[PDB]
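Just so we're aligned, residue 536 is where the sequence shown starts under PDB author numbering, counting upward by one. These notes concern the structure reproduced below.
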Amino acid sequence: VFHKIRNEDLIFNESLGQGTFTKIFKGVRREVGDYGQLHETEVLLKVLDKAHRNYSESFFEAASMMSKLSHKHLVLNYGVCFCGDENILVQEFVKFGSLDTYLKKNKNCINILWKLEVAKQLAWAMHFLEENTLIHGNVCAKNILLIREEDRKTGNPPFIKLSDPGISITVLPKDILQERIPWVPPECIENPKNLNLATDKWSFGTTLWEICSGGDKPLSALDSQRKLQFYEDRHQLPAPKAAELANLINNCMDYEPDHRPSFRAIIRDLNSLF
Ligand SMILES: Cc1ccsc1CN(C)Cc1nc(N)nc(Nc2ccccc2)n1
């Protein structure tokens, strides 16, 4: 169970945008830290309306279950504020933010070896989740959080974490799932009860496309109905700008869920692109 954080100890300072039935802020948590030291810690706050009770329960159960698994590539959630009519996730503030925005701000002036390192780190996160049989369900480049930029002098790569899962596609409205094509795989559009570990392999492919397309969104020109039809017609994504990951994307975006390769196999493939 998440640590409870008092509303009194949270300051809200900036409105940052919106997720799926969430409102996002930057703020400050006043906390007693290690050694009893008082810290004012920058935090990312995700606010759910308690009136959307089913969405809130799904969101916080998903965040809590994944935060039980401490991992270098999984975002740190500090706890939850049951803040009256709203429930608030208090998450670490990642310095460089979402990867899709980062790639746009840097005009896709990143090389293929940087892309490979990010892809490997995500695959290692996904392998850990697979070993724990924990479905994420919302893998995408906006949910790749850049902790550190590369440092050419030390040779250190960029370093990422995967964000929390959000509301489950098993409870979201069908129209939201359709807007999330081609991250949500064809079997889950057909029936959201088809959610499975295989879901994340498909979404990982779509996320590799994003990484290799400088933060562009695939199928952005298609409305919900044309995206539903895109799956009816069994189409695949176009090859990305950086074509080096084209094969891996196609192998992951397999319309047969049982044919999508394991994360361990994906890691081996990424390693061999060298
Ligand atoms: C921020 C946001 C907007 C819509 S969704 C969402 C949350 N998340 C997907 C992105 C995120 N998560 C975490 N934990 N930290 C950050 N840092 C950050 C934020 C803004 C600028 C620079 C850095 N960004």
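Backbone N, C-alpha and C fix where the C-beta goes; we use that ideal spot for every residue, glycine too.
_Rounded C-alpha distance that separates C747 from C675_ = Residue 747 sits at position 212 when you count from the first residue of the sequence shown. Residue 675 sits at position 140 when you count from the first residue of the sequence shown. About 13 Å.
*Rounded to a whole number of angstroms, what is the C-alpha to C-alpha distance between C644 and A586?*
Here residue 644 refers to the residue found at position 109 when the sequence shown is read from its first residue. Here residue 586 refers to the residue found at position 51 when the sequence shown is read from its first residue. Rounded to the nearest whole angstrom, the C-alpha separation of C644 and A586 is 44 Å.
*With respect to 6 Å, is the separation between the Cβ of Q572 and the closest non-hydrogen atom of ligand 1 below this value?*
Walking along the sequence shown from the start, residue 572 turns up at place 37. Outside the cutoff, so no.
*asked:* Spatial neighbours of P796 within its chain, please: C-beta separation below 8 Å, excluding the five flanking residues on both sides.
replied: If you number the sequence shown from 1, residue 796 lands on position 261. Within the same chain, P796 has close Cβ partners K736, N786, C787, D804.
*To which residues does DSSP link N622 through a beta bridge?*
On the sequence shown, position 87 is the one that residue 622 refers to. DSSP output for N622 lists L583, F617 as bridge partner(s).
*Which class does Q553 belong to by DSSP, given the choice of helix, strand or coil?*
Residue numbering aside, residue 553 sits at position 18 when the sequence shown is read from its first letter. The answer is strand: DSSP assigns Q553 an E or B state.
*asked:* Taking 6 Å as the cut-off, is the C-beta of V615 nearer than that to any heavy atom in ligand 1?
replied: Along the sequence shown, read from residue 1 onward, the residue named residue 615 stands at position 80. Not so, every heavy atom of ligand 1 lies at least 6 Å from the Cβ.
*Kindly confirm or deny that the segment 727 to 741 and the segment 625 to 634 touch, where touching means at least three C-beta pairs closer than 8 Å.*
no
*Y590: which of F739, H608, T705 sits nearest, CA to CA?*
Within the sequence shown, the letter at position 55 stands for residue 590. Cα-wise, what sits closest to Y590 is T705.
*With a floor of 4 residues, list each alpha helix (DSSP H) that falls wholly inside the segment 698 to 776, ordered by position along the chain.*
709 to 714, 721 to 725, 732 to 747, 759 to 767
_Going by C-alpha to C-alpha distance, which of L648, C723, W744, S698 sits closest to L580?_
Counted from its first residue, the sequence shown places residue 580 at position 45. Among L648, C723, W744, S698, the Cα nearest to that of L580 belongs to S698.
*Check the DSSP bridge columns for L680 and list the partner residues they point to.*
Start at 1 with the first residue of the sequence shown, and residue 680 comes out as number 145. Paired residue(s): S633, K696.
*Count the CB pairs spanning the segment 763 to 779 and the segment 709 to 722 that are closer than 8 Å, and state whether there are at least three.*
Inter-segment contact for the segment 763 to 779 and the segment 709 to 722 is present: three or more beta-carbon pairs are separated by less than 8 Å.
*Taking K677 as the reference, give the member of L545, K539, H538, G552 with the closest Cα.*
For the purposes of this step, residue 677 is taken as residue 142 along the sequence shown, with counting starting at 1. Closest option to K677, Cα to Cα, is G552.
_Can you list, in chain order, the residues of its chain with a C-beta nearer than 8 Å to that of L604? Leave out the 5 residues immediately preceding and following it._
In the sequence shown, the residue the question calls residue 604 occupies position 69. Excluding positions up to five away in sequence, the list reads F663, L664, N667, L669.
_Which residue marks the beginning of the alpha helix (DSSP H) containing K655, and which one marks its end?_
The residue you call residue 655 lines up with position 120 of the sequence shown. That run of the alpha helix (DSSP H) goes 647 to 666.
*Tell me, please, whether the segment 682 to 697 touches the segment 599 to 614 by the rule of three or more beta-carbon pairs shorter than 8 Å.*
yes
*asked:* Between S593 and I702, how many whole angstroms is the CB-CB distance? I'm expecting something under 8 Å.
replied: Translated into positions along the sequence shown, residue 593 becomes position 58. Translated into positions along the sequence shown, residue 702 becomes position 167. Indeed, because the Cβ distance is near 5 Å, the residues count as touching under 8 Å.
_Start and end residues, alpha helix (DSSP H) containing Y570_ = Mapped onto the sequence shown, residue 570 falls at position 35. First-last for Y570: undefined, no H or E at that position.
*asked:* Please return the same chain residues whose Cβ sits closer than 7 Å to the Cβ of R564, not counting the five positions on each side in sequence.
replied: Your numbering for residue 564 matches position 29 in the sequence shown. Here the set comprises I540, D544, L545, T576, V578, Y613, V625.
*Would you mind stating whether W744 and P775 have Cβ atoms separated by less than 7 Å?*
Here residue 744 corresponds to residue number 209 of the sequence shown, with the count starting at 1. Here residue 775 corresponds to residue number 240 of the sequence shown, with the count starting at 1. Yes, Cβ-Cβ distance for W744 and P775 is below 7 Å.
*Quick one: using the 10 Å Cβ neighbour count with 16 as the cut-off for buried, is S755 buried or exposed?*
For the purposes of this step, residue 755 is taken as the residue at position 220 of the sequence shown. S755 comes out exposed.
*Go ahead and pull the three-state DSSP assignment for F560.*
The count along the sequence shown starts at 1 and reaches residue 560 at position 25. The answer is strand: DSSP assigns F560 an E or B state.
*In angstroms with no decimal places, state the Cα-to-Cα distance between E621 and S738.*
Your numbering for residue 621 matches position 86 in the sequence shown. Your numbering for residue 738 matches position 203 in the sequence shown. Looking at the two C-alpha atoms, the distance is approximately 30 Å.
_Through-space distance from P692 to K642, alpha-carbon basis_ = Start at 1 with the first residue of the sequence shown, and residue 642 comes out as number 107. Start at 1 with the first residue of the sequence shown, and residue 692 comes out as number 157. The alpha-carbon atoms of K642 and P692 are separated by roughly 19 Å.
*Leaving aside the five residues before and after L730 along the sequence, list all residues of the same chain whose C-beta is less than 7 Å from its C-beta, in chain order.*
Within the sequence shown, numbered from 1, the residue matching residue 730 stands at position 195. Excluding residues within five positions, the ones whose Cβ falls inside 7 Å are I670, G672, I704, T705, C723.
*State the DSSP-derived secondary structure class of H794, mapped to helix, strand or coil.*
Locating residue 794 in the sequence shown gives position 259, counting from the first residue. Helix, per DSSP.
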